[PDB]
Number of protein chains: 2
Amino acid sequence: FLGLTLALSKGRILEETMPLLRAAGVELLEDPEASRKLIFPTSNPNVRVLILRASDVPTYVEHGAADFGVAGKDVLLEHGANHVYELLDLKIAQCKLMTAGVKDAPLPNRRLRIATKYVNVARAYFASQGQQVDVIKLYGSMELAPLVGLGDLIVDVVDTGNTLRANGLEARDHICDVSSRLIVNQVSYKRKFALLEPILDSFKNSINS
Amino acid sequence: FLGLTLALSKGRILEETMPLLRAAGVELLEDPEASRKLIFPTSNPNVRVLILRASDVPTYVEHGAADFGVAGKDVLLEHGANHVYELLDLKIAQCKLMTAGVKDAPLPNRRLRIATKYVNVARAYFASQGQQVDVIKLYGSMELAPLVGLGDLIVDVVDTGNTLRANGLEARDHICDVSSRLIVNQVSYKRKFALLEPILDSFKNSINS
Ligand SMILES: Nc1ncnc2c1ncn2[C@@H]1O[C@H](COP(=O)(O)O)[C@@H](O)[C@H]1O
Ligand SMILES: Nc1ncnc2c1ncn2[C@@H]1O[C@H](COP(=O)(O)O)[C@@H](O)[C@H]1O
């Protein structure tokens with residue numbers, strides 16, 4: 001396969017990317033959510049889609065196993081974006097990285113323990129606040145950690161805040177806003193520009209409203 | 001809450017642990033798979049259950065946010081088991097860590113690139129074969145990596161082999177057998193032994209057939 005390989009993830013990113021792709025003349029021929037398949041053809045025979053864990057999107061793109069991809073800023077910040085090109089803020093799958101803890105609980109007067117998936121983001125943010133912190137690396141369900149005393153705060157993505165509230169937690173600090181971003185393999189950008197360019201211009205045009 | 005907190009994961013581990021718990025007089029009062037809840041009470045008011053990512057099970061137990069837990073040997077090996085006590089091989093959720101690649105594809109004559117979730121296990125295994133390898137860290141769907149040329153082999157857990165076959169991959173090497181294990185917090189073992197002991201003896205008795 002000699003065309004372009006696009007790396008996406010399930011849920012919000014796939015949902016919200018699909019209209020951008022359609023306007024660029026790319027449509028999936030089935031629902032990837034309902035399939036065990038991994039590589040998907042599209043209406044354009046120069047473009048195929050990988051469905052990955054959101055976490056693996058920047059990895060596949062960096063190594064050139066995908067030519068380009070849609071990844072959240074949270075994931076890009078955590079992974080490091082030094083070896084891909086961020087070309088667009090797609091303004092989709094919008095949320096915030098926040099810190100949070102048990103509602104009205106006081107912070108202990110000592111080095112804080114941060115339970116999070118976003119270990120690099122947690123360390124960098126607390127460094128900006130004057131705090132060297134310990135991080136407990138986790139993989140899901142951060143909202144449980146403070147309820148069983150695993151760490152003093154969490155760092156996680158928050159959209160509505162309903163998860164936090166449901167668990168008697170509240171956001172303490174806003175870290176940054178997060179949205180999905182168009183990333184490109186640094187070599188594919190050079191070698192496959194004529195394939196990429198009309199799709200990038202289409203996306204840019206679509207985002208302009 | 002002053003009793004015992006048991007850390008489990010969804011799917012196979014929960015399914016297969018449940019009969020051991022029942023025989024020990026512990027039954028969940030609802031299906032955790034059908035709930036957004038995180039902490040679950042049981043029929044025994046001294047025992048509650050956390051439902052975690054399999055990856056977070058050893059973490060919660062190490063830090064004492066759970067007193068004990070059921071984790072797969074694959075996860076224990078990857079995480080490191082130096083700060084919990086492995087008390088039982090439960091002989092459940094049985095599978096193998098294997099290496100695998102594209103069917104009949106030759107290995108390149110150079111330093112191999114291993115796409116895997118199990119970076120430590122991959123490095124340790126290939127070291128035993130005389131190979132220093134590069135590892136590409138991934139989070140799911142390892143069976144895609146060799147189909148798009150991300151690395152030369154994968155390391156992953158294999159049960160039936162159907163996933164590998166479905167994707168035109170084959171197991172190259174058997175690394176080790178994997179089963180779920182009963183782990184205990186090193187302090188909870190000392191402080192809460194009278195609570196733990198009858199549950200451990202029950203599990204030991206059940207496994208004996
Ligand atoms: N844009 C997003 N990308 C990824 N995960 C998200 C996003 N927005 C919310 N989440 C997660 O989805 C769940 C629901 O978020 P919330 O609406 O804040 O309760 C939480 O576990 C969040 O971490
Ligand atoms: N005991 C196990 N624990 C966790 N994951 C497993 C286990 N057995 C199989 N899997 C995974 O489940 C899928 C089905 O495995 P298989 O039956 O080998 O096709 C693969 O993605 C395996 O990595």
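**A closer look at the pattern of salt bridges**
Residues and elements named next belong to chain B.
Part 1: A complete count under the given rule lists 24 salt bridges over all chains for this structure.
Part 2: Salt-bridge contacts for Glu30 lead to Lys37; the nearest nitrogen and oxygen are separated by 2.6 Å.
Part 3: Residue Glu30 is classed as partly exposed on the basis of its relative accessible area, which comes to 35%.
Part 4: With relative accessibility at 40%, the residue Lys37 sits in the partly exposed group.
Part 5: A salt bridge links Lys73 to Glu86, with the shortest nitrogen-to-oxygen separation between them at 3.1 Å. With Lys73 in helix α3 (residues 73–79) and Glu86 in strand β5 (residues 84–89), this pair connects stretches of sequence that are 13 residues apart.

**Topic: helix α1 (residues 12–23) of chain A**
Residues and elements named next belong to chain A.
Part 1: For α1, every residue scored as buried is listed here: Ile13, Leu14, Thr17, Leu20 and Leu21. For α1, the angular spread of the buried residues around the axis is 125 degrees, confining them to a single face. For α1, the exposed residues set more than 90 degrees away from the buried face come down to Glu15 and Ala23.
Part 2: In this fold, the buried residues of α1 make contact with β1 (4–9), β3 (47–52), β4 (68–72), β11 (180–185) and α7 (193–207).
Part 3: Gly25, located one to two residues past α1, shows a positive phi value of around 75 degrees.

**A look at the site of ligand 1**
All names here are of chain A.
Part 1: By nearness alone, every residue bordering ligand 1 is listed as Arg12, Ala93, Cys95, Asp156, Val157, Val158, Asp159, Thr160, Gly161, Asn162 and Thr163.
Part 2: In this structure, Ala93 approaches ligand 1 through a main-chain N or O atom, which is 3.0 Å from a nitrogen atom.
Part 3: Listing elements by their share of the shell around ligand 1, those giving two or more residues are β9 (153–158) and α5 (162–166).
Part 4: At 3 residues, β9 tops the list of elements feeding residues into the shell around ligand 1.
Part 5: Here the shell around ligand 1 is built from residues that sort into 4 nonpolar, 4 polar and 3 charged.

**Things to note about the interface of chain B and chain A**
Part 1: Facing the 25 residues of chain B at the interface are 25 residues of chain A.
Part 2: Regarding the contact of chain B and chain A, the summed buried area is about 2,400 Å², with carbon and sulfur atoms giving 67% of it.
Part 3: Among the residues chain B hides against chain A, the three largest losses belong to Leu38, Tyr139 and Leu144 of chain B. Together they make up 26% of the total.
Part 4: Between chain B and chain A we count 4 residue pairs in polar contact in total.
Part 5: Contributing elements (two or more residues each) for the side of chain B that touches chain A: β3 (47–52), α2 (57–62) and β8 (134–137) of chain B.
Part 6: The biggest single contributor to the side of chain B that touches chain A is β3 of chain B, with 3 residues.
Part 7: Of the residues contributing to the side of chain B that touches chain A, the split by class is 14 nonpolar, 6 polar and 5 charged.

**Focus: empty space enclosed by the protein**
All names here are of chain B.
Part 1: Summed over all chains, the structure comprises 1 cavity of 30 Å³ or more.
Part 2: There is about 40 Å³ of room inside the largest cavity.
Part 3: Lining of the largest cavity is provided by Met18, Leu21, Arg22, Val26, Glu27 and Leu28.
Part 4: For the lining of the largest cavity, the class distribution of residues is 4 nonpolar, no polar and 2 charged.

**Notes on the domain arrangement of chain A**
Residue and element names in this part refer to chain A.
Part 1: Here chain A is described as being made up of domain 1 (1–94 + 177–209) and domain 2 (95–176).
Part 2: Buried area between domain 1 and domain 2, both sides added, is near 890 Å², and the carbon and sulfur share of it is 47%.
Part 3: The largest per-residue losses of area from domain 1 upon contact with domain 2 belong to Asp74, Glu78 and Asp177, which jointly make up 60% of the total buried on that side.
Part 4: At the junction of domain 1 and domain 2, the tally comes to 1 salt bridge.
Part 5: Linking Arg12 and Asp159 is a salt bridge whose minimum nitrogen-to-oxygen distance equals 3.2 Å.
Part 6: Where the side of domain 1 that touches domain 2 is concerned, the elements lending two or more residues are α3 (73–79) and β10 (169–178).
Part 7: The element best represented in the side of domain 1 that touches domain 2 is α3, accounting for 3 residues.

**A few points about the packing of aromatic side chains**
Part 1: In the structure shown here, the tally under the stated rule is 7 aromatic pairs over all chains.
Part 2: Judged by centre distance (5.6 Å) and plane angle (85 degrees), the ring pair of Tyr85 of chain B and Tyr189 of chain B falls under edge-to-face. In this pair, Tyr85 of chain B is assigned in strand β5 and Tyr189 of chain B in helix α6 (residues 186–191), connecting sequence segments 104 residues apart.
Part 3: Cluster of aromatic residues (ring-pair linked, three or more members): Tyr85, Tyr189 and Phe193 of chain A.

Reading guide: rules and limits
Residues numbered from 1 in each chain as written, not as in the entry; some residues may be left out. Chains lettered and ligands numbered in written order. Heavy atoms only, no water. Salt bridge = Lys/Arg side-chain N within 4 Å of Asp/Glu carboxyl O. Buried < 20%, exposed > 50% of the residue type's maximum accessible area, 1.4 Å probe, protein only. Helix = DSSP H or I, 4+ residues; strand = E, 2+ residues; numbered from the N terminus. Arc of directions from axis to C-beta. Contact = heavy atoms within 4.5 Å. Near = heavy atom within 4 Å. Polar contact = N/O pair within 3.5 Å; in protein donor to acceptor, adjacent residues only side chain to side chain. Nonpolar A, V, L, I, M, F, W, Y, C, P; charged D, E, K, R; others polar. Buried area = accessible area lost by both parts, 1.4 Å probe. 1 Å grid on protein atoms, 1.4 Å probe; cavity = no way out; pocket = protein on both sides within 12 Å on 5 of 7 lines; lining within 4 Å. Points joined across faces, edges and corners; volume = space filled by probe spheres on them. Domains from an automatic or database assignment. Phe/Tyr/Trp six-rings, centres within 6.5 Å; stacked < 30°, edge-to-face > 60°.

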